[PDB]
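The chain that follows stands alone, in the form solved without the named molecule, written as structure tokens.
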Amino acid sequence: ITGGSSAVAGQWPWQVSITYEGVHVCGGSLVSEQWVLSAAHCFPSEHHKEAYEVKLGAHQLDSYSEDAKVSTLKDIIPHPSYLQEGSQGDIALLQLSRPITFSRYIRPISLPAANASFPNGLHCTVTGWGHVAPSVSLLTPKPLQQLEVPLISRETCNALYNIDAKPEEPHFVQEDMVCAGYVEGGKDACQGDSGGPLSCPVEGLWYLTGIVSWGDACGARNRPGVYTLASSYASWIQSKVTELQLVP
């Protein structure tokens, strides 16, 4: 996250770190005792499931915390519609090897209904442990970063992405996507933040409005972060979670 601030410990208790071979690659969101939502682009099919970990209840990644917990994965389920980079369906369900126990530091985020609408301009928050500036990693001990971002329609977002666009870097905000951020530079998600939550405040609660789909723009002008709408996958998520629910 560039142009944001350090969160306080436990402020975003659904935020997880996803590692591959011990290295943080993406964010994710805890949504139940055994499920994490992240982005499909974070999980190429050639990668081995057993090489991933999920770190929950963390604030400073490099600091020891008795409140943090680390898990492996039993399954990685990208949405079947996801094809190449940039395609619709950039969302994945990650099944933890064992269910975790909720705590004040480890809590699920509420999922929006299929028909839940979040209005243009709503001030949501994106969080993550990604770069704090282009090509510049968050320094040890790596406190979780947060940034307030107003929602931007996919239509406005597409027109912005077309300003000084390059054929070598194609972008299209799909029908299952929304944007959030600023027309001017300096405040957005960066490499390492993708897969993480866009958390929106509605009627006293917080909802997982979006999952960072394209978050590598890192504060470039006319490049607000692109997010997969969780509402577009409410039906699929409920189907998977219900069929695969564990014994209590």
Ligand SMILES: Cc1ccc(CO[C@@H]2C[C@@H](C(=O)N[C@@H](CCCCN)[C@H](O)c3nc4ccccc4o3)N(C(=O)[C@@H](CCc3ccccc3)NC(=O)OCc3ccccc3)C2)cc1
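Note that residue numbering follows the sequence shown and begins at 1.
The form solved in complex with the named molecule is left out here; the points below concern that form.
- When the named molecule is superposed onto this form from its pose in the deposited bound form, 3 or more of its atoms lie within 2.4 Å of a backbone or C-beta atom, and the site is blocked.
- With the partner omitted from this view, the residue of 71, 110, 88, 137 that lies near the named molecule in the deposited bound form is 88 [heavy atom within 4.5 Å].
- For the candidate set 216, 33, 53, 67, a heavy atom within 4.5 Å of the named molecule in the deposited bound form is found for exactly one residue, namely 216.
- The shortest heavy atom separation between residue 41 and the named molecule in the deposited bound form is within 4.5 Å.
- Residue contact check for residue 177: one or more of its heavy atoms lie within 4.5 Å of the named molecule in the deposited bound form.
- The named molecule is not shown here, and in the deposited bound form it never comes within 4.5 Å of any heavy atom of residue 60.
- In the deposited bound form, the named molecule sits within 4.5 Å of a heavy atom belonging to residue 82.
- Of the residues in 181-208, those that come within 4.5 Å of the named molecule in the deposited bound form through at least one heavy atom are, in sequence order, 188, 189, 190, 191, 192, 193, 194.
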